[PDB]
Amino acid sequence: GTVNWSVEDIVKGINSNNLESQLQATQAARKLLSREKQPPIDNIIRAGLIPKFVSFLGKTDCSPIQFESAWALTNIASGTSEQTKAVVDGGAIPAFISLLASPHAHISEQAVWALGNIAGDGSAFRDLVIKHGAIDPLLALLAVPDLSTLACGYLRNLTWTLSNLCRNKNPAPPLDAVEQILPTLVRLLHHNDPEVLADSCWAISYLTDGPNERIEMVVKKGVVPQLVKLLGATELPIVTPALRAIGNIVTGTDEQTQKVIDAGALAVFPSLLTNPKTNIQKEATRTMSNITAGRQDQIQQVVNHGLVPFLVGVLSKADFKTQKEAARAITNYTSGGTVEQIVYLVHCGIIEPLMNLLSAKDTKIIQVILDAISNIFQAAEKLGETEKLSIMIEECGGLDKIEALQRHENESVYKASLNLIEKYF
């Protein structure tokens, strides 16, 4: 019926003076733009059809052509940036915002998904969508006493579109818009659908990926305990953004980092630091390295939760990028820790796997490991136990590796290497 039309036939119908013929052809356009293999988006754009689709968005008297053109436009705007720009340049943004008020749920849903695709393309279109007024009508679609009375697909699409309005930097979204959306996000973060929860966590992770004032807007709304709960979810699409958000929050102040600790986050890290998905392990170890760069009482809480062995574990055997983050976590720990805390670190077995990593290609990890070694010796000096430590390092191949590093391309590597050797060997 409307199956496998040519662009030429689509054009001939859309240019007829016949609203039913126009509807037929708009639907044929939607079906073309919907096919899995290589939809002819650019042919459709080249034919000049975007303006005609956009004009059909306003035919309130013919809601099916509103729907078909909204869905055709949506498949264009989900493409490449130039394709999305063709939709924006056709005037689609305010036409879609108007359709958020449609009494046809399936039409306003299409308008939600179209605006998510436009806003997601980047910061400028994100802010343009906001400037045309999309936030109020979007949030009004969620102003119901129980989100569970909304259709599942519809709620998922609203959540996803809201997260794209939270997305991207340079610049980050307008402060007034974030404050407007955050209360709804907080509510979505307590909805029991795994996808709503994933996308809510993604939104929070974007908002926390910034300076400490942005983090504070989020932490003030009280979401950290819920984020930590979601950190323990079974569904990886939830854990991944929950962990990204928590990882972001601990790049902030000590007081913001403390909320994460107070909320119980550290009790999940035994699993996170052994997780079979390499990105979860990397991200969890980076989060640990930010925490070990905090106050001594915060280092102590890493200690008390039994996490130092897990860091020894990750340093010993992990993806190389994860071993690198774990090396940072140890250097931070030894820079900021008490002597007693550094003793404990050595007793858990950090020295051997530290040494074994000195034979790595990365110049930066070598710098990091050498710093930590120096910090450990500085703790040994305060106990006059440098000798017992030099033996340890001599006993697990450590000393061979350091002698060799005096002859190293980088300056800082040469210097620190030969310094340690003269000072303690």
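Start at 1 with the first residue shown and count on from there.
A.B. asks: Please compare 156-164 with 227-235 and say which has the higher mean C-alpha temperature factor in the record.
C.D. replies: Looking at the recorded C-alpha B-factors, 227-235 comes out higher on average.
A.B. asks: Going by the B-factors listed in the PDB entry, is the mean over the C-alpha atoms higher for 121-129 or for 317-325?
C.D. replies: Between 317-325 and 121-129, it is 317-325 that shows the higher mean C-alpha B-factor.
A.B. asks: Highest Cα B-factor in the deposition, which of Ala29, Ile41, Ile65, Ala372?
C.D. replies: The record points to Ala372.
A.B. asks: Compare the C-alpha B factor of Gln22 with those of the other modelled residues in its chain, then answer lowest, middle or highest third.
C.D. replies: Its C-alpha B-factor belongs to the lowest third of this chain's values.
A.B. asks: Quick check for you: using the entry's CA B-factors within this chain, is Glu216 in the lowest, middle or highest third?
C.D. replies: As the PDB entry reports it, the C-alpha B-factor of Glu216 lands in the lowest third of its chain.
A.B. asks: Split the chain's modelled residues into thirds by Cα B-factor; is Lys85 in the lowest, middle or highest one?
C.D. replies: According to the entry, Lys85 has a C-alpha B-factor in the chain's middle third.
A.B. asks: For the chain shown, is the CA B-factor of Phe377 in the lowest, middle or highest third of its modelled residues?
C.D. replies: Its C-alpha B-factor, which the entry lists for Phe377, ranks in the highest third among residues of this chain.
A.B. asks: Which third of the chain holds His104 when residues are ordered by C-alpha B factor: lowest, middle or highest?
C.D. replies: As the PDB entry reports it, the C-alpha B-factor of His104 lands in the highest third of its chain.
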